[PDB]
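A single chain comes next, written as structure tokens; it is the form deposited in one PDB entry.
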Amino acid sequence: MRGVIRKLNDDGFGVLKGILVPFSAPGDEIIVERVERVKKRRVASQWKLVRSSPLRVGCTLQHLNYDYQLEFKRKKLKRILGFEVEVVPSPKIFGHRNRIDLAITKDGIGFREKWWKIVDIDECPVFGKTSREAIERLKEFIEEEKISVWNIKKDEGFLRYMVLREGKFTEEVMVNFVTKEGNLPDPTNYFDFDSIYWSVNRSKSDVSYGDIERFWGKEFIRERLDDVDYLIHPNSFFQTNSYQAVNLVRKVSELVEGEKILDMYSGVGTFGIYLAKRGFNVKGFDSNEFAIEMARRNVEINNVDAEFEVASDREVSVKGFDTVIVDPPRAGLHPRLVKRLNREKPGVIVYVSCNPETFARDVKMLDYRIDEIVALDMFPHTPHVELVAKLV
């Protein structure tokens, strides 16, 4: 119950002689007051910081100097994968995030702390100054139009979330008001952003997206990575760190070989479209219809020639490609896809993953070795990292 934190575990929690301590730093001198058990482990729920570590300044690592965050990620990857992996710093570590979902509740605007309690905020520094402006306009909108907001105790109220998105390289901003059934007052006199959306979440789930009801201004905003534009819709996924996303698409384009590329699990075509712009012959697949539709829209606005189709990893053919890129969901690569890759043996596989343990698992099953690998800090202030591996 007393001692110095020696390291962080893989979720970012301080390790003191096999008790866990959240938001602690190696080198912290602490006294553990209260313990609790979380999945058969002792977790320090009340502790006293006696001496602060010199490493100190979802953001569970935000109390740590950035260089130490990167050191923690290097060490974690080496533990999981078995060897040193370079970690590329995010070009920016505040203002880098291009989407935030703010809950709008009786007792404040921000996010759940103690799930029943809201943390009220005036700005979100990882998103940047646009959030301060949106929040301040939102308060005026709510106040002057007397808008009913979420009462979390009863789960009643009209307005639930304000989701803010922006293109870091285009300066376009989209705001999306997610509500229950109702009538949203005209938001046009309160916001000056390029796109304003009203979405109605008609399910019982607490979610920060819903059915598109109306938009004012642009139907889509854009983000731009180098010379490639990507349409952003309230309901479509896009890498959340625009600055690192630039390094990620460049890195993928550098690792592929040949001319014929498969962009497997393409989503909205982040890799495939960038590669088509660079002159590759690209086909991409994803099981999500809406994502594929966005990828097709992206092909059009960039005037490239690439094809995207909806298919499951259980069925996709990998025949006839020079490089196959895979960016699988949390489950990793379907076993049938691994069999197909083993049989067809494309010259190069590029595997992108923010789940190092699943990557490590799948690579053992593939008849390939790691030729090159780097991690990109896509997720500053969290324990997560994005790996990009070239397999041959």
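Throughout, we count residues from 1 along the sequence that is shown. Rigid core (definition): largest C-alpha set, two forms, superposition within 1.5 Å.
Q: What is the count, as a class, of unmodelled deposited residues between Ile31 and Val32: none, 1 to 3, 4 to 9, or 10 or more?
A: Gap between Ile31 and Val32: none, chain continuous.
Q: Counting only residues that lack coordinates, how big is the gap in the deposited sequence between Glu113 and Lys114? Pick none, 1 to 3, 4 to 9 or 10 or more.
A: The entry has a short gap there, with 1 to 3 residues left out between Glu113 and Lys114.
Q: 133 to 141 versus 278 to 286: which one carries the higher mean Cα B factor per the record?
A: It is 133 to 141 that shows the higher mean C-alpha B-factor.
Q: Quick one: say whether 323 to 331 or 22 to 30 has the higher mean Cα B-factor in the deposited entry.
A: Going by the record's values, the stretch with the higher mean is 22 to 30.
Q: Just to confirm, going by the entry's C-alpha B-factors, which of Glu181, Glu257, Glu213, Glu223 comes out highest?
A: That would be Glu181.
Q: Take the CA temperature factors straight from the PDB entry and tell me which of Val304, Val268, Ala103, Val316 peaks.
A: Most elevated C-alpha B-factor of the set, per the entry: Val316.
Q: Compared with the other modelled residues in the chain, in which third is the CA B-factor of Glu36?
A: Tercile = highest for this residue's CA B-factor.
Q: Ranking every modelled residue in this chain by its Cα temperature factor as given in the entry, which third contains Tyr161?
A: Bottom third by C-alpha B-factor.
Q: For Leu49, return the chain-relative third of its C-alpha B-factor as stated in the PDB record: lowest, middle or highest.
A: Highest third, going by the recorded CA B-factors of the chain.
Q: Could you look up the Cα B-factor of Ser199 in the entry and say which third of the chain it sits in: lowest, middle or highest?
A: According to the entry, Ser199 has a C-alpha B-factor in the chain's middle third.
Q: Splitting the chain's C-alpha B-factors into thirds, which one does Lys117 fall into?
A: For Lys117, the deposited C-alpha B-factor lands in the highest third.
Below: the form deposited in another entry, not depicted.
Q: Does the C-alpha of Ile370 move 2 Å or more between the shown form and the other one once the rigid core is lined up?
A: No, because once the rigid core is superposed, the C-alpha of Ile370 moves less than 2 Å between the shown form and the other one.
Q: Determine whether the C-alpha of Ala25 shifts by 2 Å or more between the shown form and the other one once the rigid core is superposed.
A: No, shifts by less than 2 Å.
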